[PDB]
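Below is one structure; the comments refer to it alone.
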Protein chains: 2
Amino acid sequence: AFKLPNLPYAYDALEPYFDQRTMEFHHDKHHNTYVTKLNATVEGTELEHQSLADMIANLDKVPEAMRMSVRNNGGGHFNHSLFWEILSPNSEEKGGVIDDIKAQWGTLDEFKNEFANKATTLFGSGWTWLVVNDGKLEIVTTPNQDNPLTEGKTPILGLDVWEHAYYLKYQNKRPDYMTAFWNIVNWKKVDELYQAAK
Amino acid sequence: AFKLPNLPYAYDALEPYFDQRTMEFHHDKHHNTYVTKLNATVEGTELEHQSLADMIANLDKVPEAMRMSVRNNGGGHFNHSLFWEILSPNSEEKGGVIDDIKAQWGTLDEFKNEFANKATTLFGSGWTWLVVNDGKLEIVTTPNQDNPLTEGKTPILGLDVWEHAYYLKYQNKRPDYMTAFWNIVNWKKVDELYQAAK
Ligand SMILES: [Mn+2]
Ligand SMILES: [Mn+2]
């Protein structure tokens, strides 16, 4: 069975950028529901002992009757698992991945502007991602709980733009949420993920 | 230019079911934004003196460069304008459409439980609808701001299950929002739309 992972920090650790109350609902209700629903689908099938990364990467090979749930709930589990790990109260904008972002976009500020633009124009529920695509960095969005790993691109950083991720503190002001996020990116983790994928 | 319609009741008239604060954000910010962006797309073009119902019904004919915005923002305008009219602070479960629902589903609770089932399983952002399809009643969902009118089906009742519609009061408890909604349906207005499309 898949398990709801504990946060690596306290529910208040990301204040005043991401509110405690949201972290509680987001982790303990939303993420938990994805885990329970994924387990409901894979319990007593061949997928039970398959890794989450493998099934998301190989979504096409999941049998048709299970595929929507693995996509949606397995995506939910995978995406939120990654999300919590790339947030940190000790954000420092340095590391190999930061150097290579600057090489490609010219500056970190130009990177953030493209990221923000894509995050703010995403229509409906979804995610904005920094991915590695055949050695190169790219910013892409996905709808709902779709993940770029399914398309062969390795995600190293993501922003959840489902309204549950920001509505309590920010209501419709998604751009203010985006602004807040930069203060709490775990660039050490993103770098670790980048060094492995490049 | 398209105009944001006023609510046909006070912002607190749907309490204790839909909270005043959310009525404010939802109408004054979210609906307003859809009207604005629709106008930015349509103003000074061939679309200017075309009815919104016609554009939604015939979305595949909207010129390619404008179509996503008419779909998303036009859909948002159409859907929310319908939504406000089918709410009431003085709901009564009576009318021709109610009688036909009872005849088709057996009881009104059976209808509501089907509706609620479809609303609670809608993954991501979207709407749950009662439609008329070639004279018959049917419950269907749409993603994002898509509308059944685009597939030849006339909507007579809709529930918004975008998280902005319920997150401030209900957070993750979409089923509790659904239960609330039934107390504030304007069945007279639904009945009017039903008789026009039947
Ligand atoms: Mn989320
Ligand atoms: Mn809405």
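Each chain in the structure tokens gets a letter, A, B, ..., in the order shown, and its residues are numbered from 1; ligands are numbered from 1 in order too.
For ligand 1, the neighbouring polymer residues at 6 Å or closer are residues 160, 162 and 165 of chain A, only C-alpha atoms and all ligand atoms being used.
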- Please give me, as a ChimeraX atom specification, the residues lying within 10 Å of ligand 2 when counting only C-alpha atoms and all ligand atoms. /B:23,25-27,29-31,34,76-77,79-80,83,125-127,144-145,159-166
- Message: When all Cα positions are paired in order and chain B is fitted onto chain A, what RMSD is left, to one decimal?
- Response: 0.3 Å
- Item | From A:73, A:123, A:105, A:155, residue lying nearest residue 174 in chain A [only C-alpha atoms] |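 Between A:73, A:123, A:105, A:155, the residue approaching residue 174 in chain A most closely is A:123.
For the choices A:191, A:46, A:146, A:19, the atom-to-atom distance to chain B is smallest for A:146 when using only C-alpha atoms.
Shortest atom-to-atom contact with chain A among B:119, B:156, B:131, B:68: B:68, counting only C-alpha atoms.
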- Task: Would you please give, as a ChimeraX atom specification, all residues of range 8-186 of chain B that DSSP assigns to strand (DSSP E) based on the backbone?
- Result: /B:126-133,136-143,154-160
- Message: Under the rule that only C-alpha atoms are counted, which of B:118, B:49, B:198, B:37 is the nearest residue to residue 134 in chain B?
- Response: B:198
- Item | Expected answer as a count of residues only: helix (DSSP H, G or I) residues in range 8-63 of chain A | 36
- If you count only C-alpha atoms, which residues fall within 12 Å of residue 71 in chain B, apart from same-chain ones fewer than 4 positions away, as a PyMOL selection string? (chain A and resi 123) or (chain B and resi 34+37-38+41+52-67+75-79+143-150)
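The space between CA of residue 81 in chain A and CA of residue 6 in chain A spans 9.3 Å.
You can rank B:114, B:15, B:192, B:24 by their closest distance to chain A using only C-alpha atoms, and at the top of that list sits B:24.
Among the candidate residues A:1, A:158, A:185, A:70, the one lying nearest to residue 44 in chain A is A:1, with distances computed using only C-alpha atoms.
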